[PDB]
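Q: Below is the file start_29.cif, which contains mmCIF, C-alpha atoms.
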data_coords
#
loop_
_atom_site.label_atom_id
_atom_site.label_comp_id
_atom_site.auth_asym_id
_atom_site.auth_seq_id
_atom_site.Cartn_x
_atom_site.Cartn_y
_atom_site.Cartn_z
CA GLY A 531 48.97 -7.20 -57.17
CA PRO A 532 49.41 -5.42 -53.76
CA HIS A 533 49.25 -8.81 -51.89
CA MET A 534 51.24 -12.08 -52.28
CA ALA A 535 49.61 -14.79 -54.46
CA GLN A 536 49.17 -18.46 -53.42
CA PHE A 537 52.32 -20.40 -54.46
CA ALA A 538 52.49 -24.19 -54.93
CA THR A 539 54.32 -26.31 -52.28
CA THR A 540 57.81 -27.11 -53.69
CA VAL A 541 61.24 -28.34 -52.43
CA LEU A 542 64.74 -27.65 -53.86
CA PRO A 543 65.50 -30.55 -56.32
CA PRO A 544 68.80 -32.57 -56.14
CA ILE A 545 71.86 -31.50 -58.16
CA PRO A 546 71.25 -32.49 -61.86
CA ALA A 547 73.37 -35.02 -63.83
CA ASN A 548 73.50 -32.96 -67.06
CA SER A 549 72.12 -29.73 -68.69
CA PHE A 550 68.85 -31.53 -69.75
CA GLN A 551 68.13 -32.01 -66.00
CA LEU A 552 69.39 -28.50 -65.01
CA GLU A 553 67.24 -26.60 -67.59
CA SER A 554 64.19 -28.66 -66.49
CA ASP A 555 64.68 -27.51 -62.86
CA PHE A 556 65.43 -23.90 -63.99
CA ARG A 557 62.31 -23.58 -66.19
CA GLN A 558 60.06 -24.93 -63.39
CA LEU A 559 61.64 -22.59 -60.75
CA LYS A 560 62.05 -19.45 -63.01
CA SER A 561 58.92 -17.93 -61.40
CA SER A 562 60.42 -18.78 -57.92
CA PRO A 563 63.80 -16.90 -58.02
CA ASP A 564 64.05 -16.97 -54.18
CA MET A 565 64.41 -20.79 -54.27
CA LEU A 566 66.52 -20.63 -57.48
CA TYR A 567 69.18 -18.87 -55.33
CA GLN A 568 69.13 -21.85 -52.89
CA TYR A 569 69.22 -24.36 -55.84
CA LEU A 570 72.30 -22.46 -57.24
CA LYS A 571 73.89 -22.72 -53.74
CA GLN A 572 73.93 -26.57 -54.10
CA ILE A 573 75.74 -26.38 -57.50
CA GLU A 574 79.54 -25.81 -57.40
CA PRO A 575 81.40 -23.96 -60.28
CA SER A 576 83.18 -27.30 -61.09
CA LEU A 577 79.79 -28.69 -62.31
CA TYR A 578 79.07 -25.75 -64.71
CA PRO A 579 81.48 -26.82 -67.56
CA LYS A 580 80.42 -30.51 -67.11
CA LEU A 581 76.59 -30.05 -67.08
CA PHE A 582 76.72 -27.77 -70.16
CA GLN A 583 79.38 -29.79 -72.10
CA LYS A 584 76.99 -30.80 -74.98
CA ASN A 585 75.17 -27.39 -75.01
CA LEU A 586 73.81 -24.41 -73.00
CA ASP A 587 70.24 -22.93 -73.16
CA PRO A 588 69.64 -19.13 -73.79
CA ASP A 589 66.93 -19.08 -71.08
CA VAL A 590 69.27 -20.84 -68.58
CA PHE A 591 72.09 -18.39 -69.48
CA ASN A 592 69.86 -15.38 -68.64
CA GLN A 593 68.36 -17.11 -65.53
CA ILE A 594 71.85 -17.80 -63.97
CA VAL A 595 72.67 -14.06 -64.55
CA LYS A 596 69.20 -12.89 -63.32
CA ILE A 597 69.61 -14.83 -60.01
CA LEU A 598 73.24 -13.64 -59.49
CA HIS A 599 71.84 -10.04 -59.95
CA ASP A 600 69.43 -9.95 -56.97
CA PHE A 601 70.76 -12.66 -54.59
CA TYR A 602 74.51 -13.40 -54.99
CA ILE A 603 75.19 -9.61 -54.82
CA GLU A 604 73.31 -9.48 -51.45
CA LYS A 605 73.82 -13.00 -49.96
CA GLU A 606 77.15 -14.41 -51.39
CA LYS A 607 80.67 -12.96 -52.16
CA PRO A 608 81.32 -10.77 -55.30
CA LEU A 609 84.10 -13.25 -56.22
CA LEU A 610 81.55 -16.12 -56.53
CA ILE A 611 79.38 -14.28 -59.19
CA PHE A 612 82.62 -13.62 -61.13
CA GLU A 613 83.74 -17.31 -61.00
CA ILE A 614 80.21 -18.54 -62.11
CA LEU A 615 80.21 -16.13 -65.11
CA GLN A 616 83.73 -17.30 -66.03
CA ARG A 617 82.65 -21.05 -66.13
CA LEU A 618 79.82 -20.21 -68.58
CA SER A 619 82.24 -18.23 -70.85
CA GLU A 620 84.12 -21.49 -71.72
CA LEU A 621 80.91 -23.11 -73.12
CA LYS A 622 80.60 -23.68 -76.92
CA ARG A 623 77.06 -22.15 -77.11
CA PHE A 624 77.61 -19.22 -74.64
CA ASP A 625 77.85 -16.48 -77.34
CA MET A 626 74.67 -17.77 -79.06
CA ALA A 627 72.98 -17.38 -75.64
CA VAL A 628 74.29 -13.72 -75.59
CA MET A 629 72.89 -13.34 -79.17
CA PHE A 630 69.43 -14.50 -77.88
CA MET A 631 69.57 -11.99 -74.93
CA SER A 632 67.92 -8.51 -75.19
CA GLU A 633 68.85 -5.11 -73.62
CA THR A 634 66.78 -6.23 -70.55
CA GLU A 635 69.08 -9.23 -69.91
CA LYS A 636 72.32 -7.36 -70.90
CA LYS A 637 71.67 -4.52 -68.36
CA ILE A 638 71.51 -7.30 -65.70
CA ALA A 639 74.71 -8.98 -67.01
CA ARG A 640 76.74 -5.71 -66.84
CA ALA A 641 75.28 -4.91 -63.39
CA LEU A 642 77.12 -8.05 -62.14
CA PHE A 643 80.51 -6.84 -63.49
CA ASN A 644 79.73 -3.30 -62.16
CA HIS A 645 79.24 -4.67 -58.58
CA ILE A 646 82.27 -7.04 -58.84
CA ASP A 647 84.51 -4.12 -59.91
CA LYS A 648 83.40 -1.69 -57.17
CA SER A 649 83.73 -4.48 -54.57
CA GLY A 650 87.55 -4.19 -55.14
CA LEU A 651 88.05 -6.97 -57.76
CA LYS A 652 90.35 -5.70 -60.59
CA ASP A 653 91.53 -8.15 -63.26
CA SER A 654 91.66 -7.96 -67.11
CA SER A 655 89.09 -10.83 -67.03
CA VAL A 656 86.50 -8.52 -65.32
CA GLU A 657 86.42 -6.17 -68.35
CA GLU A 658 86.75 -9.09 -70.85
CA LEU A 659 83.84 -11.06 -69.35
CA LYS A 660 81.58 -7.94 -69.28
CA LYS A 661 82.16 -7.44 -73.05
CA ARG A 662 81.61 -11.19 -73.77
CA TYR A 663 78.15 -10.96 -72.09
CA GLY A 664 77.08 -7.40 -73.15
CA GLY A 665 79.89 -5.00 -74.30
#
Turn this file's structure into structure tokens for me.
A:
Amino acid sequence: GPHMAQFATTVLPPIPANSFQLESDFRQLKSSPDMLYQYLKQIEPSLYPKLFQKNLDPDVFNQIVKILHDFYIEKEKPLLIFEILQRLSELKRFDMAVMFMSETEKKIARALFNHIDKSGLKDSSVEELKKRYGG
């Protein structure tokens, strides 16, 4: 409504050991995207291929993208969004996560590559990774 609701008292959880632990912390914070940004800030791109090595989740795939869209574009560097999206593209389930996305998640995914491009970042991987997520 026109006012802010009462939110529960919560604190950014530690960095997870594997995807089972990551998706648990994503699905509990999905309604708190402003702390999801700060939870993402703990996680380095070197953990992305290792957490998700046995599988990804389609809801985690769209949540990573959905937090990059409204926070890493404003608060972090355009290069960081691009590196995060690249780590996920090497996952064995990533294209099944794209298959479970709708137009509403794909318009967010391209809006990342649209901001990265206009920020001055030009590589063949920019236009490849945009088509892998929503071309």
Q: Could you tell me how far atom CA of residue A:593 lies from atom CA of residue A:538, in Å and to one decimal?
A: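 Separating atom CA of residue A:593 from atom CA of residue A:538 is a distance of 20.4 Å.
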Q: (68.1, -24.5, -71.3) in this file's frame - what residues fall within 10 Å of it? Use all atoms listed in the file and give the answer as a ChimeraX atom specification.
A: /A:549-557,582,585-593,627
Q: Which residue is closest to residue A:616? Choose from A:544, A:575, A:531, A:650 and count only C-alpha atoms.
A: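 Of A:544, A:575, A:531, A:650, the one nearest residue A:616, counting only C-alpha atoms, is A:575.
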Q: Given the PyMOL selection byres ((chain A and resi 572-574) around 9) and the file above, list the residues it selects as a tab-separated table (two decimals) with C-alpha atoms, in the frame of the given file.
A:
chain	number	residue	atom	x	y	z
A	544	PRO	CA	68.80	-32.57	-56.14
A	545	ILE	CA	71.86	-31.50	-58.16
A	546	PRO	CA	71.25	-32.49	-61.86
A	568	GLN	CA	69.13	-21.85	-52.89
A	569	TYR	CA	69.22	-24.36	-55.84
A	570	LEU	CA	72.30	-22.46	-57.24
A	571	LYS	CA	73.89	-22.72	-53.74
A	575	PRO	CA	81.40	-23.96	-60.28
A	576	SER	CA	83.18	-27.30	-61.09
A	577	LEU	CA	79.79	-28.69	-62.31
A	578	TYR	CA	79.07	-25.75	-64.71
A	614	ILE	CA	80.21	-18.54	-62.11
Q: Let me make sure I understand: among A:664, A:561, A:648, A:583, which one has the smallest atom-to-atom distance to residue A:633 if we use all atoms listed in the file?
A: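 Answer, going by the shortest atom-to-atom distance: A:664.
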Q: Select, from A:581, A:646, A:611, A:559, the residue with the minimum atom-to-atom distance to residue A:595, counting only C-alpha atoms.
A: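 Among the listed residues, A:611 lies closest to residue A:595.
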Q: List the residues selected by the PyMOL selection byres ((chain A and resi 656) around 12) in the file shown, writing them as a count of residues only.
A: 33
Q: As an exercise, work out the distance from atom CA of residue A:600 to atom CA of residue A:636 in Å and give it to one decimal place.
A: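 Going from atom CA of residue A:600 over to atom CA of residue A:636 covers 14.5 Å.
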Q: Just give me the gap between atom CA of residue A:547 and atom CA of residue A:630 in Å, one decimal is fine.
A: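 These atoms are spaced 25.2 Å apart.
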